[PDB]
Every structure is written in structure tokens, then in C-alpha cells.
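1. Take a look and give me a structure for this.
(2 chains)
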Amino acid sequence: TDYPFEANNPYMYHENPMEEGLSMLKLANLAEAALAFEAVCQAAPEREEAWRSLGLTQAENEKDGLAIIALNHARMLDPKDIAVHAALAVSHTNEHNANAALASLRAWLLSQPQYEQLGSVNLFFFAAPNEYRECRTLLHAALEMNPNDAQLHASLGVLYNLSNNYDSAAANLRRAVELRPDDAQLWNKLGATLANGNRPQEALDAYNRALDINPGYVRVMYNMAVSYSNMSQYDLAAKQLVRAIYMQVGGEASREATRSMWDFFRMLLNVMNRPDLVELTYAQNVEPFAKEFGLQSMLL
Amino acid sequence: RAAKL
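-> Residues are numbered from 1 along each chain as shown, chains lettered A, B, ... in the order given. Coordinates below:
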């Protein structure tokens, strides 16, 4: 496989890890759920619901590369899984893969029976202007078919993040959340769009809502860290990153995946003049930082 | 650092 499965895989033992993964999306954490879906993928790689679930989980878990690898499996096994195309559009946008992002948005739209006949229609992003135009036009055409479709607006928000048209992006993502205000991904998307469009305060209000809805949303925690750091609110940035770190490990390859976050943390500890805390980051134990930054629930 | 969708 092309996916770096965790070696010491306790869910490889269990009876129904697919059921347990779905359960753990609601009742536990992303990391544990991804480990359970990893088990199913390993034992039964023809199950594209397993790959799909692994991929979706990993993106929320701040692991787009692993999300893409998983989602490409799901894509092969079921070229018509709408949600797989959507997640690929999002992760490829994050990864600055413009051709793949536009291909995934086009696939997203045309895999839907309600929009599939757009595939046969005759219809500033200068690095792929026809690919871009085609997607933009297809999504507009879909909006005329379906004007208050929340996911069309969200998908235009993605398209518009890819081309740095953050105002249009925000306006579409805003409408999306107005339609679906309990959707935590939509709030995050609106937040990320606002932050990158240099509106960090509004962004932080959007992120807060998203985390309220889904308190294990590690990507949101990271994003908040980023905005707080950007506004030079290092106490708040540091708290968010300890939470993210804590959630992201619920061990082995997973230990390694947290290292870049730890280094980002180390910078916040440096800038705030805490060389004593900086020294402690090299051990990679959260406990000292849970105490230091007021997250004492993590000591239970 | 970029925000992630």
C-alpha cells in the first residue's frame, strides 16, 4: 500500500473496528477513529467506505497528505462517492495542488445525478484559467439549477480560496453556514477563508463556533493557534496548540506526525520568553503544558 | 502560516 499504516494496530484484533470507528467519531477522538478505519482498510482494502471514512477523518485530524492517499483509494473503488470528491477538493486546495483541486471539484459536481448533465454542456487564475473557468461556470450553472444549495456555495468557497478571491469565498461560505449553521466543517471553512483573507478576528469567531459544535476538531484547534499567533495572542495560541497536540495522539508513526506541531509550540514558548518551557518541549510530554496553560482535565 | 479548509 501507499498509506503508512500505524504498526502497532490494536483495532486489528477487534471484531467490528468499522463499527467502532464510526462510533468513535461521535464519542471519542479523530485519532482513535482513524486507527480503527486503518484496521479495516488493512484487512479489507476493497472496502471504500473504510477508505472514505479514513480519509475524511484524517483531514479533520490535520493530516491532508494521509487524507489524499486514503481518498484516492476510495475514488478508485467508487468514482461516484460525492463526499470523496469534496474532501479531495478541500485537501488539494490546502496542499496547493491546483489541477487536482479543480479536477476534484468538477468530479464532485458531475458525480451527482441532479447535475450530471452539466458534463455534456458547451460553456484571475492564470496558471490554469480554462480549468478554473470551467469549474466556476459549472458551479454557477448548478446554482441556477439549485440556488440555495448549501454545498454549491461551499464548493464555490473552495474554488475561490484556490484563486485568493477571499471576499467572494467568504460571501459564499457565509451563505453556506446561514443554510447549515450546525455544520462544523462549514464554520471552519468560513474561518480559514477569513483568516487567509486577513480577517483574523471574524475568523476566530467562526472557529469558535466550529469547535463548539465539534470539540474534537483538531484542524480547527490548529487553525485557531495560527490566528491567535498571528494576532500576537500567544497565551491563547499556546492553549489551543496543547489541546491539538493532546487530541492528535488520543503511537509510533503518530509520535512523528506531532513533531511539526511541537516545533510550532516551541516557537510560541520562545516568543513569550519561556526558555524553561521551550526546553521541556523536547520530551514531548503534554502534562507539564496542560498544567502550565490551564488544561488540567488532561491530568485525569 | 496558512489556515486549513
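
2. biggest helix in chain A by residues?
-> helix A:129-145 (DSSP state H).

3. who does the helix or strand just after that helix touch, helix- and strand-wise?
-> Reading on from helix A:129-145 to the C-terminus, the next helix or strand found by DSSP states H and E is helix A:150-162. The contact analysis (3 or more CB pairs under 8 Å, 6 or more residues apart in numbering or on different chains; DSSP states H and E) places helix A:150-162 against helix A:82-94, helix A:98-110, helix A:129-145, helix A:166-179, helix A:184-196. All C-beta spots, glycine's among them, are computed from the backbone N, C-alpha and C.

4. Could you export helix A:150-162 as CSV, CA atoms only?
-> In CSV, the C-alpha atoms belonging to helix A:150-162 read as follows (Å, rounded to 0.1, in the frame of the first residue of the first chain):
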residue,chain,number,x,y,z
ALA,A,150,-25.5,25.0,0.7
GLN,A,151,-22.9,22.7,-0.7
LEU,A,152,-22.8,24.5,-4.1
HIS,A,153,-22.0,27.7,-2.2
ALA,A,154,-19.5,25.9,0.0
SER,A,155,-17.8,24.5,-3.2
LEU,A,156,-17.6,27.9,-4.7
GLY,A,157,-16.0,29.0,-1.4
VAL,A,158,-13.3,26.3,-2.1
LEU,A,159,-12.9,27.3,-5.7
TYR,A,160,-12.5,30.9,-4.6
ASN,A,161,-9.9,30.1,-1.8
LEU,A,162,-7.8,28.4,-4.6
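
5. Hmm, residue A:174 is touching residue A:190, no?
-> Yes. Residue A:174 is in contact with residue A:190 according to CB atoms under 8 Å; the separation is 6.2 Å.

6. neighbour-wise, which of these two wins?
-> Using other CB atoms under 10 Å in any protein chain shown as the criterion, residue A:174 and residue A:190 rank with residue A:190 on top: 28 against 18.

7. what's near enough to touch that one?
-> A:157, A:170, A:173-174, A:176-177, A:206 (CB atoms under 8 Å, 6 or more residues apart in numbering or on different chains).

8. Mind picking the one among the residues you listed that's closest to chain B?
-> Of all the contacts of residue A:190, residue A:157 has the smallest distance to chain B: 8.3 Å, by CB to the nearest CB.
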